[PDB]
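A.B. asks: Submitted below is the structure of interest, expressed as structure tokens.
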Ligand SMILES: c1cnc2cc(OCc3ccc4ccccc4n3)ccc2c1
Ligand code: NI
Ligand code: NI
């Protein structure tokens, strides 16, 4: 765990979001990509419009944010960009559904999204268990997810970083648990059951957000939606981000070959031809159902589902040989 430098949180306190962005940030399809310098500022702005200017001690908030930035490794995908991207999707979700969730829930969930991948090394859960990494000995299921949480608390336990002090002793317990549950649900392993349970609950009518066990699951699916949201952007954004994920997947695949295990095709750079059909199946198996169920549960989330459908069709388009442009 590391600390931020002097003028990083001081310069951020001076940052203010330009006019055109104010109205664009509210949209689901919005893309933070073209604005790297403004990322930590976008997050502050997002926290202030969602739970207020006095939602956190500003000084702590910045120290915390910039320390979260430093604990994202320079990997091609599971990095600072991803963190802020997923947080923004949470903001859009919360704004479209504000009164459904509490002021504790919203600050918990924005923090969870920012922190959900902390200290990722570009290696999957599968990898870490197959090669008995200590993290797999320490964390027997949801290996990385449990580590990210641990990392969050550790960052909170730094000098002047604890943004959750002014709340309570019980409320401190509650929000951490919200954040713990939120991060754990970004393990895609858990996603499949969760979505299917939520789907059965909706189609029977039994779903009740006043039921704390039902609430957790809705929040879970919210986390998944945020996590996968690269697939809800405009086609060229979606395509670009795919490059980054494969750069990560293939480097892992490279490690397995060195230890004499032929990797899964998804992680095998010599199986590039299989990318479009692979993406298709992911859309069909994971993304579609996710945004579909999430739309039923939270009707104002429909644009996510809509954009996701556009990209499936784009990938279908690539398969038929109708691909255009194709810049890298
Ligand atoms: C977030 C965003 N996108 C994701 C895409 C995923 O799958 C793509 C995929 C699947 C199978 C493949 C097989 C061969 C080549 C590429 C293949 N490519 C899997 C997980 C993802 C998580
Ligand atoms: Ni993750
Ligand atoms: Ni993630």
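Don't overthink the numbers, they just go from 1 along the chain as shown.
Even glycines carry a Cβ here, placed using N, Cα and C.
Copying in the features that Swiss-Prot gives for the protein in this structure:
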DOMAIN    5-322  domain 'PDEase'
BINDING   78, 279  3',5'-cyclic GMP binding site
ACT_SITE  78  active site, proton donor
BINDING   82, 116, 117, 227  divalent metal cation 1 binding site
BINDING   117  divalent metal cation 2 binding site
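Tell me about the setting of these features in this model.
C.D. replies: Under DSSP, residue 78 (3',5'-cyclic GMP binding site) is assigned to coil, being neither helix nor strand in the three-state scheme.
Around the Cβ of residue 78 (3',5'-cyclic GMP binding site), a 10 Å sphere holds 23 further Cβ atoms from the protein chains shown.
Applying an 8 A CB threshold to same-chain residues 6+ apart, the list for residue 82 (divalent metal cation 1 binding site) reads 117.
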A.B. asks: Measuring Cβ to any atom of ligand 1 with a strict under-6 Å cutoff, which of the binding-site residues 78, 82, 117, 227, 279 qualify?
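C.D. replies: Those binding-site residues that pass the cut-off, since their Cβ is under 6 Å from ligand 1, are 279.
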A.B. asks: Fewest neighbouring Cβ atoms within 10 Å: which of the binding-site residues 117, 227?
C.D. replies: 227
A.B. asks: Where residue 78 (3',5'-cyclic GMP binding site) and residue 227 (divalent metal cation 1 binding site) are concerned, what is their Cα separation in Å, rounded?
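C.D. replies: Rounded to a whole number, the Cα-Cα distance is 10 Å.
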A.B. asks: Cβ within 8 angstroms of the Cβ centroid of 82, 116, 117, 227: which residues besides those meet this for the divalent metal cation 1 site?
C.D. replies: 78, 83, 86, 113, 120, 186, 226
